[PDB]
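Asks: Let me give you the structure first, and then I'll get to my questions.
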Amino acid sequence: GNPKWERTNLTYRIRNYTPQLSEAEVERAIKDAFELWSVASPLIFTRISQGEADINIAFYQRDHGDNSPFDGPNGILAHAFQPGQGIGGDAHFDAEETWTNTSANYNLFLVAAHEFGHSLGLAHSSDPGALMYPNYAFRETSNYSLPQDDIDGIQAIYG
Ligand SMILES: Cc1ccc(-c2ccc(CCC(=O)N[C@@H](CCC(=O)O)C(N)=O)cc2)s1
Ligand SMILES: [Ca+2]
Ligand SMILES: [Ca+2]
Ligand SMILES: [Zn+2]
Ligand SMILES: [Zn+2]
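For the sequence shown, counting from 1, position 82 maps to 165 in PDB author numbering; every step adds exactly one.
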C-alpha cells in the first residue's frame with residue numbers, strides 16, 4: 084500500500100541485548116545498519132536509550148506478543164514491521180540465533196540492515212545481489228555499502 088514514514092528524522096531504541104556480543108558491538112551493528120540506508124536517502128536516524136522511539140529493536144524467543152513467533156535456531160532470523168504507528172517500524176531478532184560480527188552465521192549487522200529495509204517500507208527484491216533478497220548470505224562487511232538495487236528501492240520511496 085506504499086506505506087512510508089512521513090518524517091525524515093526517525094528515532095530508534097535498542098531495548099535489550101543478545102549475550103553473544105558486547106552491548107557496544109550490538110550498538111555498532113545497529114548504528115552501521117541504519118547508516119547504510121541513511122547515506123542513500125534523506126533519512127536521519129537518532130538513538131534514544133528509553134521512552135517511545137519510532138523503531139524499537141529487541142531480541143526475543145519463540146512467542147513474544149506479536150502473533151508471529153520465532154522458531155528456534157536457523158529458519159526465521161528476524162522480522163520487522165512496515166512504517167506506521169505503534170508496532171509500525173519495529174524490528175525483532177531471534178534470540179536463539181548465534182549472533183556475530185564475523186563471517187560466521189549470523190552477522191547481526193547484515194540481518195539488521197535487511198530488517199531496516201522492511202522497517203522503512205521496502206519489500207523483497209528478486210535481484211540475488213540485493214540486500215532485500217529474501218535469503219541471507221554473508222558478504223564482506225568492513226565497508227559494506229548498499230547494493231544499487233537497494234539504493235533504487237529507497238530512492239523510489241523517499242528520494
Ligand atoms: C548481504 C545480505 C543480502 C541479503 C541478506 C539478508 C536476507 C534476508 C534476511 C532475513 C531472513 C529471514 O529471517 N526471513 C524470514 C522472514 C523475515 C524477513 O524476510 O525479514 C523467514 N525465513 O521467513 C536477512 C539478511 S544479508
Ligand atoms: Ca530462528
Ligand atoms: Ca514503532
Ligand atoms: Zn516479533
Ligand atoms: Zn526480509
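We put the CB at the ideal spot given by N, CA and C, even for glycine.
So residue 56 is in the alpha helix (DSSP H); what residue range does that whole segment cover?
Replies: Any question about residue 56 goes unanswered here, given that the chain covers just 84 to 242.
Asks: Cβ of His201 versus every heavy atom of ligand 5: is any distance shorter than 7 Å?
Replies: Flag set: Cβ of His201 near ligand 5.
Asks: Measure the alpha-carbon distance for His162 versus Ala174 and round it to whole angstroms.
Replies: Roughly 6 Å separates the two Cα atoms.
Asks: Measuring straight from C-alpha to C-alpha, what distance separates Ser124 and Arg145?
Replies: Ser124 and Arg145: Cα-Cα distance of roughly 34 Å.
Asks: Express the C-alpha separation of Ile237 and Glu89 in angstroms, rounding to a whole number.
Replies: Going from the Cα of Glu89 to the Cα of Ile237 covers about 14 Å.
Asks: Tell whether a beta-carbon distance below 8 Å holds between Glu180 and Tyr189.
Replies: Yes, the pair counts as a contact, with Cβ atoms nearer than the cut-off.
Asks: Where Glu135 and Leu93 are concerned, what is the direct C-alpha to C-alpha distance, given to the nearest angstrom?
Replies: Rounded to whole angstroms, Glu135 to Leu93 spans 11 Å at the Cα level.
Asks: Any heavy atom of ligand 2 closer than 7 Å to the CB of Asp149?
Replies: False, no ligand heavy atom lies under 7 Å from that Cβ.
Asks: Quick one: what does DSSP say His201 is sitting in, helix, strand or coil?
Replies: The answer is helix: DSSP assigns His201 an H, G or I state.
Asks: Have a look at the DSSP bridge pairing and note the partners of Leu93.
Replies: Answer is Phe128, bridged to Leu93.
Asks: Looking at the secondary structure, which residues open and close the beta strand (DSSP E) in which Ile138 lies?
Replies: It spans 138-143 - the beta strand (DSSP E) in which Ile138 sits, taken as one unbroken run.
Asks: Please classify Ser209 as buried or exposed, where buried requires at least 16 neighbouring CB atoms within 10 angstroms.
Replies: By the 10 Å Cβ count, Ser209 comes out exposed.
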